[PDB]
Structures are given as C-alpha cells and as structure tokens.
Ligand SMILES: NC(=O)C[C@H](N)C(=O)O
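Just one chain is shown here, as structure tokens, and it is the form solved without ligand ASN.
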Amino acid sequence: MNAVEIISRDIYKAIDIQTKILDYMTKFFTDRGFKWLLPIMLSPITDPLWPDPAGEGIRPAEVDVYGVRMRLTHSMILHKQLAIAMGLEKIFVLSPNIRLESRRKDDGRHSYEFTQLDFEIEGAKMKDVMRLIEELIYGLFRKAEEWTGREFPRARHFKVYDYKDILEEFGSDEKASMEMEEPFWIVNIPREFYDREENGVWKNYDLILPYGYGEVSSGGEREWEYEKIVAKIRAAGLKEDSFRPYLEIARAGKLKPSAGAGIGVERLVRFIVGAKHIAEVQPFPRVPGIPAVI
C-alpha cells in the first residue's frame, strides 16, 4: 500500500492484543529470574541463516560504521551465547531481526523486519526449553480466550515429530500446519553451525501453529566446542572470517553449553487476532520482497 493507505487502517484491536501479549511474555520471563537485555542491530558477525531448510540462503544487509563493515542482525543467536559466556545465566531480549527474504517467502507469516522474543538458558536441554515454551504458550492461549472471547487450542503439551517424518507423512511443515488443530513440535532439523548436533541427531525444535499459521518459535541446544564449530562452518562452505571474534571466544574455551529459542511476537499477534496475513496487524508492514514506503 501507499503511505496514506497504510495509516488509514484500523488495527487498534490488533495493537491492544499485542500490548497484552508483550506484557504477558515479558513478565513470564522476569518472573522466572531471566535478565532482560537490549538488542544489538549492527555487528561484524551475525546468524548465517544457512544451512537451513527454512531459508533460501540470504545474505545480511550490510552498512559501514566508521569504515568497518557491519551486518544488520539476522538474529542475535551468537550474541545470546556470548551473554551466557558473560555469566548472565538466563537471558531474554526483544530483538529486531532483519531478514531480506524473497517474494517466495511471502506466505503470510514472514516479514522482513520482525521482533523475536529471543531467550537463552545456560546448561538447558531441548526438553527443558520445549517444556518452558509449552508453559508459556498454554498460559498465553488461556489469557487469549479471555481477551478475545474465542476458543484457542487447549493442549498443555504438544506432540513431537522428527523433521524427517514430517517430510514423509505430510510433505512439508506447511502442509502439516494446515492439517493440525493444535500446536506441534518439529525436531531434529539439520541446519546452522550453532545448533547442537550429536552423532547425526540435531538437538533442536520448532513450534508450529495449527490451521496453516506455521512456525512461531525456533530454537536448539548449542555447540560450544571450538573444533566442532569450525568443522561445521567449513563443511557448509561458510567462512571462519565471517565469525572471527566469536571464534576467538570459542577457541579460548569461553562458550558454555546452553539452549534457547526465539518466539515471533507478531506471528502470535496474527494467530490470536486470526489475521490472514501478518501485515494486517503491523502498523508498518515489511512484506518480503516489497520495499516498504514507510
């Protein structure tokens, strides 16, 4: 849409819902002893988002800062690990992610700017994080029923499927989403170097919404060992040069085991409002492949 068109929408209800969601989610974490960090938007390093079956291999937006190439945040994953290295133990951040994905990813849940509530826990296992997310989502969905007067899936825990088995049974995550009537987990997805891999098993997890709304959270246990991380980076044809200071920290032995996840705030607003496209709930749409006028 053009500028006047964009500002002429009535999204008051969606924003009221977003306000309630942010209040609920932030309190959920601070109530549990999590530290609340502020985001970074520019850094020499960022999430490669590759390998990743969910992506097409995008490169990050880049800008010079005092002559030096910085990358706009794909995600704060590496910085989350660094926060754990700083001994902060349990952290979260409302982190804007910039992912300049193609028109082919304009499926109603993607946006080229979006804020993730992104958290990480020292020493946590995938089962711990999946359980924490279920607790959050179940609670949120009960609150959503009060806010909307509509019914939401009542499951306290969600069924778990291996990625390989999703492909076989449904063809794709998107097709599985269309068939399901409650949220569900897809686990064991071969992807980026930072997700923990052990003898062919990836210790990671995506939460998928029902009714075709698709992935709403993605996370994993992490690699922390220098040699393992470098091998995975090289095997993917990525460059150590792209992760230099992070690899210096890893070589020094300062990364620690951890697990975490990011949760799409706007995707949840979309789901609770029941919006066909995420843009409908955003004051300033950022539609994949379409440069925003404001």
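Superpose the two forms; the largest set of C-alphas matching within 1.5 Å is the rigid core. The numbering used is simple: start at 1 and walk along the sequence shown.
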Outlying stretch relative to shown form, 135-143 versus 99-107 in 5 other deposited structures of this protein, C-alpha RMS (core): 99-107
statement: Top-deviation stretch by C-alpha RMS in 5 other deposited structures of this protein (rigid core reference), from 152-160, 76-84, is 152-160
- prompt: At least a third of the other compared entries leaving residue 54 unmodelled, is that the case?
  reply: yes
- line: The stretch carrying the higher mean Cα B factor in the deposited entry, 60-68 or 239-247, is 60-68
field: Residue stretch of maximal mean CA temperature factor, 134-142 vs 169-177
entry: 169-177
- prompt: Looking at 219, 190, 149, 210, which has the highest CA B-factor as recorded?
  reply: 149
query: What's the residue among 256, 267, 27, 232 with the greatest CA temperature factor in the PDB record?
result: 256
- request: Compare the C-alpha B factor of residue 125 with those of the other modelled residues in its chain, then answer lowest, middle or highest third.
  value: middle
- line: Split the chain's modelled residues into thirds by Cα B-factor; residue 98 lands in the middle
- prompt: Which third of the chain holds residue 91 when residues are ordered by C-alpha B factor: lowest, middle or highest?
  reply: middle
field: Ranked against its chain, the third holding the CA B-factor of residue 16
entry: middle
query: By its CA B factor, does residue 38 count among the lowest, middle or highest third of the modelled residues in the chain?
result: lowest
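Heads up, the form solved in complex with ligand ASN isn't pictured, but that's what we're talking about next.
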message: Only one of 137, 77, 126, 166 gets a heavy atom within 4.5 Å of ligand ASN in the bound PDB entry. Which one?
response: 77
query: Pick from 81-89, 149-157, 217-225, 178-186: which stretch has a heavy atom within 4.5 Å of ligand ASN in the bound PDB entry?
result: 217-225
task: Although ligand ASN is absent from this view, report whether residue 194 comes within 4.5 Å of it in the bound PDB entry, heavy atoms only.
output: yes
- prompt: So in the bound PDB entry, does residue 116 come within 4.5 Å of ligand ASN, heavy atom to heavy atom?
  reply: yes
message: Against ligand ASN in the bound PDB entry, would residue 261 count as a contact residue? Criterion: heavy atoms within 4.5 Å.
response: yes
- prompt: Heavy atom within 4.5 Å of ligand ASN in the bound PDB entry: which residues of 35-67 qualify?
  reply: 47, 49
